[PDB]
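If you want the building blocks of each chain, they are given just below.
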Protein chains: 4
Amino acid sequence: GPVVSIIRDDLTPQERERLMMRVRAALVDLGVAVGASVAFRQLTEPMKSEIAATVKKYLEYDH
Amino acid sequence: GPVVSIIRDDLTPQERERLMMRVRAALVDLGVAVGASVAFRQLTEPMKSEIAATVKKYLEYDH
Amino acid sequence: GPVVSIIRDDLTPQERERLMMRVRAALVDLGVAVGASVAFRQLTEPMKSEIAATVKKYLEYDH
Amino acid sequence: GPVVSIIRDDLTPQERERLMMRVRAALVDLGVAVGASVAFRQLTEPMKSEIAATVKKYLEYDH
């Protein structure tokens, strides 16, 4: 019965791609915004560290 | 000569705020996308490290 | 009489799959939105309980 | 220093509302899809329980 499978099965390759594409699109947008800020010399080193730490906290990346 | 100052003067508080709000908005969007990916257990530790390294490269943050 | 059967017959496997595919797609969208909210620590335990009770009421799931 | 605050400050009321609006919109979409499935009698009690458990897992709601 494929009907039960529609609810139970884990993410399909298409669904997994959609979630990653959203991460990629957000990463590009951040590069665009940070690229403009760095061009106008708006980010000090502590500010850069705080943005990096924020992203690592999003990622649950303990480094 | 206020007209000269319009072209010469450094970024105003309003313009600086606008540039940082764009960084903040992209940071929120990235937390939204990564939050969903982490919820579906889509990011391995190497993948997390690559995203973090990409952001540090955007920042020109040499750490 | 196949023309009568077209109106009378129960849902076909293709039709049943389309309906359950819509449930799956909504479930994924909810995991995406809740995943982001949980990442920003926006859901308290009573709020989580209200969302769960709302879904159980949709389901007519008396538990 | 308002520019620092733009990166450091916690989620604003407008940002918090946008995130929870996304949860509400997904909840409505799920009620629409489940409402149609329930109308065509497509959900058995175990299927209802699996959908509910999936949502509670999204919520990190340990009940």
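Peer 1: Explain the interface of chain A and chain B to me, please; I cannot follow it from the model alone.
Peer 2: Quoted interface sizes are often the accessible area lost when the parts come together. With 32 residues of chain A at the interface, the matching set in chain B holds 34 residues. Interface of chain A and chain B: buried area, both sides summed, is about 3,300 Å²; carbon and sulfur atoms make up 74% of it. On the chain A side of the contact with chain B, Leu27, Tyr58 and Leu59 of chain A bury the most area, a combined 19% of that side's loss. Connecting chain A to chain B are zero salt bridges.

Peer 1: Would you mind showing me how to read the nonpolar core here?
Peer 2: The tendency in soluble globular proteins is for nonpolar side chains to be buried as a group. Judged by nonpolar contacts, the single largest core of 38 residues is most densely connected at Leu30 and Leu59 of chain A together with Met20, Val34 and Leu59 of chain B. Here this core takes 10 residues from helix α2 (residues 13-39) of chain B, the largest share from any one element. In terms of nonpolar packing, the next biggest core, distinct from the first, is built from 36 residues, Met20, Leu30 and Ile51 of chain C together with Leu30 of chain D among them.

Peer 1: What am I meant to see in the interface of chain A and chain D here?
Peer 2: If you look at the interface, chain A gives six residues, while chain D gives six residues. Buried area between chain A and chain D, summed over both chains or domains, comes out near 620 Å², and the portion from carbon and sulfur atoms is 64%. Seen at the junction of chain A and chain D, the total is two salt bridges. Across the salt bridge formed by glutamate 50 of chain D and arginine 8 of chain A, the nearest N and O atoms sit 2.9 Å from each other. A class-by-class count of the residues in the side of chain A that touches chain D yields four nonpolar, no polar and two charged.

Calculation criteria
- Residues numbered from 1 in each chain as written, not as in the entry; some residues may be left out.
- Chains lettered and ligands numbered in written order.
- Heavy atoms only, no water.
- Contact = heavy atoms within 4.5 Å.
- Buried area = accessible area lost by both parts, 1.4 Å probe.
- Salt bridge = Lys/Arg side-chain N within 4 Å of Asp/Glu carboxyl O.
- Core = buried A, V, L, I, M, F, W, Y, C linked by side-chain atoms within 4.5 Å.
- Buried < 20%, exposed > 50% of the residue type's maximum accessible area, 1.4 Å probe, protein only.
- Helix = DSSP H or I, 4+ residues; strand = E, 2+ residues; numbered from the N terminus.
- Nonpolar A, V, L, I, M, F, W, Y, C, P; charged D, E, K, R; others polar.

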